[PDB]
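Novice: quick one: initial chain(s) of a complex, as found there:
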Amino acid sequence: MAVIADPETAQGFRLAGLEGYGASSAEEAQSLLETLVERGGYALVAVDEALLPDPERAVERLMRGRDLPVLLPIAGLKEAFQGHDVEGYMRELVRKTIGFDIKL
Amino acid sequence: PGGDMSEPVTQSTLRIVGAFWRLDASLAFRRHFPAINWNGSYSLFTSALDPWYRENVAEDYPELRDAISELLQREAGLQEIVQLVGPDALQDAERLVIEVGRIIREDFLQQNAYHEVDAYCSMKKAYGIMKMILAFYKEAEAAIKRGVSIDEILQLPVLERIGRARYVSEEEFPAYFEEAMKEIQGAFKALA
Amino acid sequence: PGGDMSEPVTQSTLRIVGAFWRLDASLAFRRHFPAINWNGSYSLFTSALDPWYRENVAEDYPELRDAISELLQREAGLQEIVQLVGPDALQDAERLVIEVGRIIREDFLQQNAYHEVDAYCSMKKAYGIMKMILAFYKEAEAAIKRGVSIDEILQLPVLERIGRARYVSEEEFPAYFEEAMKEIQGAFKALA
Amino acid sequence: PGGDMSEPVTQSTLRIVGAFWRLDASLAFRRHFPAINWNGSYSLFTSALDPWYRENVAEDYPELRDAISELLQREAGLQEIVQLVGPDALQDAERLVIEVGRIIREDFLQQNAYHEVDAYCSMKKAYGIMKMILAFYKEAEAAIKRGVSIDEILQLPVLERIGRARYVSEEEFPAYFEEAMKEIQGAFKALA
Amino acid sequence: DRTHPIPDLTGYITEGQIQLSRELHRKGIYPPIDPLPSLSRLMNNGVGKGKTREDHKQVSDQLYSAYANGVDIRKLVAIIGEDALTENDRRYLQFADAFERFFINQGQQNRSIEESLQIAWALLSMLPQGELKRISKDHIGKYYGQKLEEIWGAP
Amino acid sequence: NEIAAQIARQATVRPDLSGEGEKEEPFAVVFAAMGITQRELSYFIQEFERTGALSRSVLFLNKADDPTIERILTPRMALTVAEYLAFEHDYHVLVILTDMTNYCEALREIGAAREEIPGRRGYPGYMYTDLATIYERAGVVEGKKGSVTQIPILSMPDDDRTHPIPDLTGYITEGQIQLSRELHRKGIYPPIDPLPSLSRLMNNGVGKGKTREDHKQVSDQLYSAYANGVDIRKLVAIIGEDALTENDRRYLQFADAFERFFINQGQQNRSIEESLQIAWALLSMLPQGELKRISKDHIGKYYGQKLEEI
């Protein structure tokens, strides 16, 4: 597997055995993710949401062709210390997945 | 022959009659009586009778009736989602429309013919019940905007007051009506 | 005229005859003969001939015939879903029914008038082929309940024996049939 | 009557005429004129007029015409798929075919009888428009293989040049044509 | 074709219809009477208290609804399999087959109305009490609970 | 009937745009009713009384209780009076023939009685000529100042446009205005569907020196945009809104705004200037490059007004 996030957390991810990487910019994150996916290899790639909220949307040109890489929006660090709205994330996910954009 | 409205007799009739009261067995299966479908029925007398209503019933009766019709249309426009997912998954406003449609149906469109008092209704009584329901709708919409829980709006005794309006005798409807309008006014202010 | 079976002649015949062997243009276009429309054909003589079949073919011939008929009706029922969602969308048991219906169509109901052997079939040869197909169906159903893929069932070579039964001469057929009845049990035992 | 082509007059005519210019009400509803159904029309003179075309229009005119017909046939095939599963579900090659088929419809097949220039079109002008469309298609296919996005191709400015080519006059059309042919390569080199 | 003039006019004049089915016939069931497209227009005036039994009308309505649900679920299983079904869907699936085998398929038997009502209650007992919406609770209490063995030995 | 009464009330000729500059004259109305019910007759009489036009009108009233074979004389007498007025006294007449379906039903009754060779659904084989003898009594004559305009009203049986009555009428008349049951159920008045509606004489009456120069192109562009919008709406009903490209989403919004602001106008009288203003406002919803039916000059002159019309 592997992960892309801020360098502050990538060190810990590697400390756990994941091929971590440091993302300095949203463009940098997208380029690195494209390089990671284009290269044949690891199966899971969690992407920091703050730098790229919708990795599948951005990498649409590849994931539509290959289905092994499992992208994943992972929570940011400074956000984690203050929390984030999971319910809103799931509402957006439902909108994306069934399109009918309604929940309660 | 088999309900095909394209039959020549039906088509010739519909060229000459001013009202089409479409009965449907689907409603009667759902225990809804009279079994008249408000989506397929129509009338060509409403505009010519409006001046009569504005003097014999009330000046705003045409507007209230049009409002009831628009509410029913809004309900019919939300059956493509209520079918896919139950009423519970709809947001506050759409579920409010669904419940307003339910109350319209069950407390204004239904009428027991074997009941001692419900078998008959006057134009004043119908106008009163329409005004009841529409005023409740306005207040419930305002409350939802004020962040009230829709479930709380679905538990108010005022709804049970509106439900029994069908069975109140004509000599007793006016007092019931004024009291229930005042209770509607004072039922959402009480609810936070 | 036109292949229309609603013509006066065909309909008047349909009311006085005992057996009705309807022919299908779709099957004749594919060169599948005899090309009988199974769904649209019938006989009124089956119940009267059962004693003869028990005495002169096999004691359980009527039951096997009825089992074949039930299989064909089940395939006709599932063909609607197949036309709706395609054959791969079906569950394992339903695909097995479709496949065994196809085996019946191609290995039992198909007959080559211009062949030296298949141009004629005795009642006992028909009973043997029917028994083969039914035994295969039962063992395949048991296998599927124990978790054997359909793809692995349809590749079993005993199906080729079942498919070539039609061509075995009348004198050689009994030995062929005993070998095949042993082989079916062997093949579905070996699958484990 | 009713646009039905199975009537005695149309059927009796179709046995004797050498061309069948079939008008379509669906095209006329969308203000697509001349409103000729290119899928349902035919001509039995195309083979005999090829020698005249090859010396009076261009030596390769029939090949361009055949290519445009093939593109239209491919569009007709793809439209049935698109209308049920959405344009996005297609591959990039098929999407380009849909777009070029639309360009052919709107920029070549459509003609304005009430316009001061588009009312009449010469054979050279038709050949030029076809050559521009086919050149754009070849460059676009190359670009698709080079990974270019369909959106980039569609947003090009040369498309406007092709789209206004029919309103240009005869006395100045060949200059417009040379310029646009240069611009097509120029634009598809820009995308790289 | 029910739209053929003979059956159309007959339906115009008559008061219902008993429809035979070729699917039931070719599955071995006799008499091959299909309840779903069958109707007796005057049934309600000749059943009930003082004629037949008080539980007749609701038992008929419940049988109709349960059988229709069972047939629909039978088509649904072919696609989504039995595991994806809920327990109630499975009970309806079993009830439909039992209905075809023991209710429709009586062969050359002569069943009095009491025997038929007993069989109907035995079949309805397969469904969980309280899923029988169209039957009053009194009749459920009085007749619910019969065992299929009473008819299992004579399909 | 409401649309016919509104047209009769609001019909004007606008000499200011044409250039003659002379003061207009009002329309005489000849009104022929065949098989008309009392409800509809009451509506028409009340409308004409309300607008004061009942003094400058001639009414021939064959009611649904009147003899059927007399239904064949009514339009002929109406048109005799219309032509007399127009081409002998220099009037501008507006003829309204309500329920020509009743005329065709009467014609079929007679034809069946006489056992003549029928056509498509029992209607006599000469129905086309008979309808032409009524419809081709409109027009304008050289050396005459008056005119006869016809607005027949026919109810299409079973909403079927291929039925012989609408079919033969459309082969004779100069276009048609087709109402939409769908628009009516959405609450739109007047519920005129543009796509099945056509006017064949529009080009000889619009443009330079009549209306203003962008009329024809604006109409063509509206047709193209609405056709695309309806196609995209068909696509959406299958593959959901969320999958639409942004351009297609624009076309959808255009279709909706069209139906809700252009078609729907209630009982309002809109001059050609206001209608063209609303039209350009709706067209401004699209990217300026997708307006292929309009020349650059007009786009420059008029593109860019928002829907702030009040």
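Specialist: Structure's in. What do you need? Numbering: from 1, shown residues only, chains lettered A, B, ... in the order given.

Novice: which other helices and strands contact the top helix by length along chain B?
Specialist: Across chain B, the longest stretch assigned as helix under DSSP state H is helix B:123-145. Packed against helix B:123-145 by the contact rule (3 or more Cβ pairs under 8 Å, 6 or more residues apart in numbering or on different chains; DSSP states H and E) you find helix B:61-76, helix B:92-104, helix B:150-153, helix B:157-163, helix B:173-188. Quick note: C-beta positions are derived from backbone N, CA and C, even for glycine.

Novice: Now render those as CSV, adding distance to residue E:5 and mean neighbour count.
Specialist: Converted to CSV, the helices and strands packed on helix B:123-145 look like this (distance: least, Cβ to Cβ, whole Å; neighbours: other Cβ atoms under 10 Å in any protein chain shown):
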stretch, distance to residue E:5, mean neighbour count
helix B:61-76, 37, 16
helix B:92-104, 43, 18
helix B:150-153, 55, 16
helix B:157-163, 50, 16
helix B:173-188, 53, 16
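
Novice: Nearest to chain F, out of these?
Specialist: Chain F lies closest to helix B:61-76 among these, at 8.3 Å (Cβ to the nearest Cβ).

Novice: Name the residues that touch that closest one?
Specialist: Identification of contacts with helix B:61-76 by Cβ atoms under 8 Å, 6 or more residues apart in numbering or on different chains yields B:38-39, B:46, B:50, B:53-54, B:58, B:97-98, B:100-101, B:104, B:108, B:123, B:127, B:130-131, B:133-134, B:137.

Novice: can we see that at 6 Å?
Specialist: B:38, B:50, B:53, B:97, B:100-101, B:127, B:130-131, B:134 (Cβ atoms under 6 Å, 6 or more residues apart in numbering or on different chains).

Novice: Between those, which sits nearest residue F:189?
Specialist: Nearest to residue F:189 among the contacts of helix B:61-76 is residue B:50, at 15.4 Å by Cβ to Cβ.

Novice: ok now do the closest one, which residues does it touch?
Specialist: residue B:62.

Novice: Flag every buried residue along the helix or strand hosting it.
Specialist: Using DSSP states H and E, residue B:50 sits in helix B:46-56. Residues of helix B:46-56 classed as buried under the neighbour-count rule (16 or more other Cβ atoms under 10 Å in any protein chain shown) are residue B:53.

Novice: again, but for stretch E:44-54
Specialist: Result for stretch E:44-54 [16+ other Cβ under 10 Å]: buried residues E:47, E:53-54.

Novice: hey, where'd the helices end up in chain A?
Specialist: Under DSSP H, chain A gives helices at A:7-15, A:26-38, A:55-58, A:60-63, A:77-80, A:86-98.

Novice: Include this sequence as chain G:
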Amino acid sequence: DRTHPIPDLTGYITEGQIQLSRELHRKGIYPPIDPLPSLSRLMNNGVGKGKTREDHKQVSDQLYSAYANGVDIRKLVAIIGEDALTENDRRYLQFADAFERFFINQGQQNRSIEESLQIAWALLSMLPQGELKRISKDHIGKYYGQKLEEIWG
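Specialist: Chain G now in position relative to the chains above:
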């Protein structure tokens, strides 16, 4: 319309018919002969060992079966979609396309029965040898295998 009285009575009188198809004609296939609705009543009289070749009738039967399967899968793709097809279904699609483009489309060329049977066997070799159930295994051994590219391209 094949149900029109003229074709209908003719077919009831004549010993087969060669029915053209507008769908093939529009695709550019000449002669646009649609094999499924065509028929030759007396064909069995004049084919086989000692007349044309011993594999003729079975090869014709196999071609009919394969083409019918192809047309059915064409009707199937409109419902399921191409990506859901099985490998055998895809193979029958390819067979139908190649059949139309190479066996039916021949232009103004004169083919001997030997060349026609060679093209038929080349097309049948595109299907797995176990799917050819109408042909005897002797003929499958003797004639199966050859590739279409050898004939053209």
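
Novice: and the buried residues of stretch E:44-54, now that chain G is in?
Specialist: E:47, E:53-54.

Novice: Could you list the alpha-carbon positions for that stretch in CSV?
Specialist: Presented in CSV, the C-alpha positions along stretch E:44-54 are these (Å, rounded to 0.1, in the frame of the first residue of the first chain):
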residue,chain,number,x,y,z
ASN,E,44,-69.9,-10.7,-1.1
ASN,E,45,-73.6,-11.1,-1.1
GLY,E,46,-73.5,-14.8,-0.8
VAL,E,47,-70.8,-15.3,1.8
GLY,E,48,-70.6,-14.4,5.5
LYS,E,49,-72.5,-14.9,8.6
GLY,E,50,-75.6,-17.1,8.1
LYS,E,51,-74.3,-18.5,4.8
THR,E,52,-70.9,-20.3,4.8
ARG,E,53,-68.8,-18.9,7.6
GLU,E,54,-68.1,-15.5,9.1
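
Novice: List the neighbours of it that are in contact with it.
Specialist: Against stretch E:44-54 from outside (Cβ under 6 Å, 6+ apart): E:56-57, E:113.

Novice: Give me the distance between the residue nearest to residue A:2 when sequence neighbours are not counted and chain B.
Specialist: Nearest non-adjacent residue to residue A:2, counting by Cβ to Cβ, 6 or more residues apart in numbering or on different chains: residue A:19, 4.0 Å away. Distance, residue A:19 to chain B, using Cβ to the nearest Cβ, to the nearest Å: 40 Å.

Novice: Residue A:19 against residue A:4, yeah?
Specialist: No - counting by Cβ atoms under 6 Å, residue A:4 is not a contact partner of residue A:19; they are 9.6 Å apart.

Novice: Give me the more crowded residue out of those two.
Specialist: residue A:4 (25 against 15; other Cβ atoms under 10 Å in any protein chain shown).

Novice: residues contacting the more buried one?
Specialist: With Cβ under 6 Å, 6+ apart, residue A:4 has these contacts: A:21, A:23, A:29, A:32-33, A:47.

Novice: picking up where we left off before, can I get the helix holding residue B:50 in PDB, CA atoms only?
Specialist: Only the C-alpha atoms of helix B:46-56 are listed here, as PDB (Å, rounded to 0.1, in the frame of the first residue of the first chain):
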ATOM      1  CA  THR B  46     -64.600  26.700 -12.200                       C
ATOM      2  CA  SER B  47     -63.900  30.100 -13.900                       C
ATOM      3  CA  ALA B  48     -67.600  30.800 -14.700                       C
ATOM      4  CA  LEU B  49     -68.600  29.900 -11.100                       C
ATOM      5  CA  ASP B  50     -65.800  31.900  -9.500                       C
ATOM      6  CA  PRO B  51     -67.900  35.100  -9.200                       C
ATOM      7  CA  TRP B  52     -70.600  33.200  -7.500                       C
ATOM      8  CA  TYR B  53     -68.100  31.800  -5.000                       C
ATOM      9  CA  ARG B  54     -66.600  35.200  -4.300                       C
ATOM     10  CA  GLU B  55     -70.100  36.400  -3.000                       C
ATOM     11  CA  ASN B  56     -71.700  33.300  -1.600                       C
END
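
Novice: add chain H to the structure above, sequence below:
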Amino acid sequence: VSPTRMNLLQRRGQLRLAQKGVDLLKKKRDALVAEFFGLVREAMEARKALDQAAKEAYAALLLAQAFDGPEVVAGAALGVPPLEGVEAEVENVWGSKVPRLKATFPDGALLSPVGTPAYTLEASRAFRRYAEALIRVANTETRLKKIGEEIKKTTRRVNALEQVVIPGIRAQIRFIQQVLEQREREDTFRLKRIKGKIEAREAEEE
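Specialist: Next up, chain H placed on what we already have:
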């Protein structure tokens, strides 16, 4: 489609089959929606667990470099290799294959996570558990997306049937009915004409 009585009856049967298929597919979508919402609840739980783990692991890492040298933490991360800690086994859901990542995750494959640092080893434990929770979240998300696109496919099929196929069959039925009725009318007119002419001939000359 040739106008015949047989074609009309076949076309009516096709209409009935299309309607039955619409109902069947609606029931299929009902079951899919129920399962989908169950998976939505599960995913809410999994995401909340992942968020809590992210909080705790970020905390532990922050203190690890705060007490153990940031260079020490960097060296520990560098030493640990990108071990092959998962097996990408696939799972079948409603006729579709989806990954089900299994965390084989050999602990011994982490080289030099312990030593001179006193807490960096613990921070590795927090991030390993965090990776476990992240795997669980991925497992739930893939299933939810697959069931969602199955719902979308079914809805597209239903809409196709209800808005393209069924209206087409109805139009064909109407057309065939019109053609057949017209033919009957024409034949009747012919018979009446012939019989009338024969009657006139008998009157004129017997």
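
Novice: try what packs on helix B:123-145 again now we have chain H.
Specialist: In terms of contacts (3 or more Cβ pairs under 6 Å, 6 or more residues apart in numbering or on different chains; DSSP states H and E), helix B:123-145 is packed against helix B:61-76, helix B:92-104, helix B:173-188.

Novice: okay, these in JSON lines with distance to residue F:181 next?
Specialist: Compiled in JSON lines, the helices and strands packed on helix B:123-145 are given as follows (distance: least, Cβ to Cβ, whole Å):
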{"stretch": "helix B:61-76", "distance to residue F:181": "15"}
{"stretch": "helix B:92-104", "distance to residue F:181": "23"}
{"stretch": "helix B:173-188", "distance to residue F:181": "38"}
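
Novice: And those: which comes nearest residue H:106?
Specialist: When the helices and strands packed on helix B:123-145 are compared by Cβ to Cβ, helix B:92-104 sits nearest residue H:106, at 51.6 Å.

Novice: any idea which helix or strand carries the residue of chain E found nearest chain B?
Specialist: At 5.9 Å from chain B, residue E:8 is the closest residue in chain E, using Cβ to the nearest Cβ. Secondary structure assigned from DSSP H and E places residue E:8 in helix E:5-13.

Novice: residue contacts, residue F:294?
Specialist: For residue F:294, counting by Cβ under 6 Å, 6+ apart, the contacting residues are F:217, F:221.

Novice: where's it relative to chain B, distance?
Specialist: Applying Cβ to the nearest Cβ to residue F:294 and chain B gives a distance of 35 Å.

Novice: That residue sits in which helix or strand?
Specialist: Residue F:294 belongs to no helix or strand, assigned by DSSP H and E.

Novice: swap in the one 4 residues further on?
Specialist: Taking DSSP H and E as the criterion, residue F:298 maps to helix F:296-302.

Novice: now do residue F:195
Specialist: Per DSSP H and E: strand F:192-199 holds residue F:195.

Novice: just residue B:9 next, same as before
Specialist: Assigned by DSSP H and E, residue B:9 falls in helix B:8-14.

Novice: and that helix, C-alpha only, in PDB?
Specialist: The C-alpha trace of helix B:8-14 is given here as PDB (Å, rounded to 0.1, in the frame of the first residue of the first chain):
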ATOM      1  CA  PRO B   8     -65.200   6.300 -29.400                       C
ATOM      2  CA  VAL B   9     -68.100   6.700 -26.900                       C
ATOM      3  CA  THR B  10     -65.800   8.100 -24.200                       C
ATOM      4  CA  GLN B  11     -64.000  10.400 -26.700                       C
ATOM      5  CA  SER B  12     -67.300  11.800 -28.000                       C
ATOM      6  CA  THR B  13     -68.600  12.300 -24.500                       C
ATOM      7  CA  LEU B  14     -65.400  14.200 -23.400                       C
END
